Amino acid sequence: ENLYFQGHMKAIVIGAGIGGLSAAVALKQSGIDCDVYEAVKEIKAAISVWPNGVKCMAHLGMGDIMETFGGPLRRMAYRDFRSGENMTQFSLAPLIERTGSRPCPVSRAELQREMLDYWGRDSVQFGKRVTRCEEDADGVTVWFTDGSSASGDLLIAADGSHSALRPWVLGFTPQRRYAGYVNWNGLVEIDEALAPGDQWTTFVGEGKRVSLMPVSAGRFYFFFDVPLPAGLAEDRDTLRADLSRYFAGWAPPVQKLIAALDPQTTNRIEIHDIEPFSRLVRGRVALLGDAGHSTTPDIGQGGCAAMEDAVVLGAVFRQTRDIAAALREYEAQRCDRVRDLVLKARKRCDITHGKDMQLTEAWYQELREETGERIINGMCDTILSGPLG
């Protein structure tokens, strides 16, 4: 009856990705007991964690993970696809000073592992795939495909971009929108024949991108973007040849990358987003992370946004036990932010990948005249609009 006492407030968190584990950690900080449920039986290339996300991780008590595994990112450059020459290059030092943290690219595998380690695998029930939630005046209940169910006071749906709970919260089923390009990504060992080990290097041209950024342990996170129709007959077996075709004529470092990579460990993903929602919560249930907002990766803010969601979620429960009031405040704080992030990503996606090839050529022109000041400013804007400023 006094809801502050241990065992009187139970949150059910669905999903053990970045969002779910962040949310559980944040809820626990605010004195709420969480049971975490995850669909897959076992976990299974990288994420750029900008300073807004880093400060969130620090706030959540998980700062050591970022310091330890974050790649040494200190500068960036854009290179011409033919010449391979610098169009613009500059250090990120100024951004790090304005935002208060260094950027931390981290391998997805390592980030996930460390966060599970931190939360503790024993407090996660795997093979638990949620199908339905229902709420009464007393609480909320969810059902799992294996026939079990669980009840609690609060439900956090952090079940990803294909969220099963999302339709119940919204009242309809949003659909994923193909963003018009395909991303190939993976990891390779740092070889300065490709690019500098402390910088994020992107080759641009023809509405395409080839990118390298350092994660931990002397490795590069790499990705290739190509504007393409969805559904092409292309997989890991067709991979090297596909990339060779798509990037014919591109500077030698790119050919070096295509030869260096391992197709068996390289991901090919057709990029989608979802039109932003105007609601994130319903009763005792809140969407968090990709479940509440699904963006293209184009400004590297997807995982950061889920961390931001969690920080705000913990904060709204810090000094209240009125679930309905807390979740309305969560929604109030998050909804405009994640809308802007999805739309910002979308716009950048469209400029980068030649939706209008002239706008794209104009962007390349701006990169030729770029000192770094305008880009740094733009990045700071995105970062400083986060909950921890």
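Residues carry their position along the shown sequence, with the first being 1.
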item: Unresolved deposited residues lying between neighbours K44 and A45; value: 1 to 3
item: Higher-B stretch (mean Cα B-factor, as the entry records it), 263-271 or 234-242; value: 234-242
item: Entry-level comparison of average CA B-factors, 199-207 and 149-157, reporting the higher stretch; value: 199-207
item: Candidate set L194, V124, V142, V316 [ranked by C-alpha B-factor, highest]; value: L194
item: From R177, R279, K128, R219, residue of greatest CA B-factor; value: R219
item: Where the record places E67 (Cα B-factor, split into thirds across the chain); value: highest
item: Third of chain Cα B-factors occupied by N377; value: middle
item: Record-listed C-alpha B factor of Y181: chain third; value: lowest
item: Within-chain third of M87 by Cα B-factor, per the entry; value: highest
item: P253 - Cα temperature factor, lowest/middle/highest third of chain; value: highest
